[PDB]
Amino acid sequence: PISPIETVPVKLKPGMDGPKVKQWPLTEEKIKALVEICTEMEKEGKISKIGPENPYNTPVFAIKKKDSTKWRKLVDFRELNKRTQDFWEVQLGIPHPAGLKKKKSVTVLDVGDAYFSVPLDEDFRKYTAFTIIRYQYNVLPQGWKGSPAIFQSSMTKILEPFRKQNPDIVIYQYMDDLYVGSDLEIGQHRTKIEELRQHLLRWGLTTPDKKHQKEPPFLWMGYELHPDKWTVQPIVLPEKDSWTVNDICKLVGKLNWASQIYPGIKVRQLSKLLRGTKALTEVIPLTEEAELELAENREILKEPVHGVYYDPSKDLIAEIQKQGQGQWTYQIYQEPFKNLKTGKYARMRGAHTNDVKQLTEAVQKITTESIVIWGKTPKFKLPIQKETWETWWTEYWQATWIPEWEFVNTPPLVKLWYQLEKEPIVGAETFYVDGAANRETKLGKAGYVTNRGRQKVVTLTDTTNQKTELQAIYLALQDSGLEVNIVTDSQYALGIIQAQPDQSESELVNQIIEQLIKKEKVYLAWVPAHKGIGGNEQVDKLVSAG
């Protein structure tokens, strides 16, 4: 029917008028279904015949539903949407099964004709006019900007009393889906479910029996809910022999979806298969590393896997593991090997970074995700030594911090691969390094001068001032002994190397990192440039042939 709930007042953005788009031509296979739908809707008062009084129009169409025997009616309301006021979206996230608590009795209900059972603002119906006969909407149409929010809000208002007087009943409300959980025995649970159905009916909302799930496994939000296990519905990966950008996007999206319960999913190579592409219809050749990563993902997917439900009386434990190349997998669980869920974090931040920063980022992502799903921070189990972390937190000039954690010796352990001395080294040779580049010519020079009288200058082409400073440091490191003191005038190179990176998207920085790892003691010091400070001045004069 039509809910007796108050309507939600809607306006057009100031100054705009309704749409006046002409009806796109359709087939007969859609006209027949749309007539069959619109006759019954106009009988039920959900759409009303409009006369020549409305000057507005919008094109309509229809598509097959999840069950391919029923048609869903849609309206291309893009123009009206652009002209409709702004809404505050009220759906803040997607409920997850791992946040469900074990319940003795579970029901899943689907509201029948959800949008078409919620009325629409009278002053706004004139803008919804369409033509097949000219109708206008009296209920929420599909394709309008405001319908999801207005329905979600109306469903909340309608449920509010039932929630108020049934606190021990849990209702997960995903937009017309209703998960209903209780610890009541099956008979009294079915009684309460009847109360909830009759209550929805008093507010105009039907729960058809055909979409009334009563026995496990329940289908919900893409998962199968068993009494104390939950799984995802099967994930069919495409086996395409020629790969397009759209195909890679579908594959990576399916892999991202799978990574919530399948551990160890990696998509870095398959995603890098996108760098600077053109369109959805460009064939991409799979690199060898991408082929191997995809084979690994496939072998992961052909393995039986399930998650469990949240127990609020036991601890949240997030254990993280290092994958290669800025990739990390994690498992959230409460009892060992019984995962609540799994995840991945593979976001590359900063041109230069190390594994301690990346781990900190992962710990932050997992923390916020855990607050969203369970409302608790978890207890962490990280492959990093407490000493490693303290050393980092000491030497690092940014505020960093990680919640309660305990070390787990599962390699690859997170390590700082080198340290910079806090004081200059006695007996270590002292290299003053510098470099310069001409902006117009793009040519440059990098070199070093030592206290023992060694001098080296090396010419570079197609370089910058910053690259030329990094090259000078690289020269010094290559030519120095195991212990060295280095004096630069480059706050840029200083800041990079002081951050103690172990990986970089700059090949030069990577080579610098390998050299730094090879050394036993390094002291890096900074002097201001062009100040006559010996022997920085000697290097400066040496590398300025341009």
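Start at 1 and count along the sequence shown; that's the residue number.
Gap between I132 and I133: 4 to 9 deposited residues without coordinates. Remark: stretch with higher mean C-alpha B factor among 534 to 542 and 21 to 29 is 21 to 29. As recorded in the PDB entry, 297 to 305 is the stretch of 297 to 305 and 427 to 435 with the greater mean C-alpha temperature factor. Highest C-alpha temperature factor among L34, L477, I497, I517 per the entry: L34. Comparing the C-alpha B-factors of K376, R202, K278, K386 in the entry, the top value falls on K278. Ranked against the other modelled residues of its chain, the C-alpha B-factor of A493 as given in the entry falls in the lowest third. When the modelled residues of the chain are ordered by C-alpha B-factor, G146 sits in the lowest third. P119 sits in the lowest third of its chain by CA B factor, as recorded in the PDB entry. Sorting the modelled residues of the chain by their CA temperature factor places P501 in the lowest third.
Ranked by Cα temperature factor within the chain, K521 sits in the lowest third according to the deposited record.
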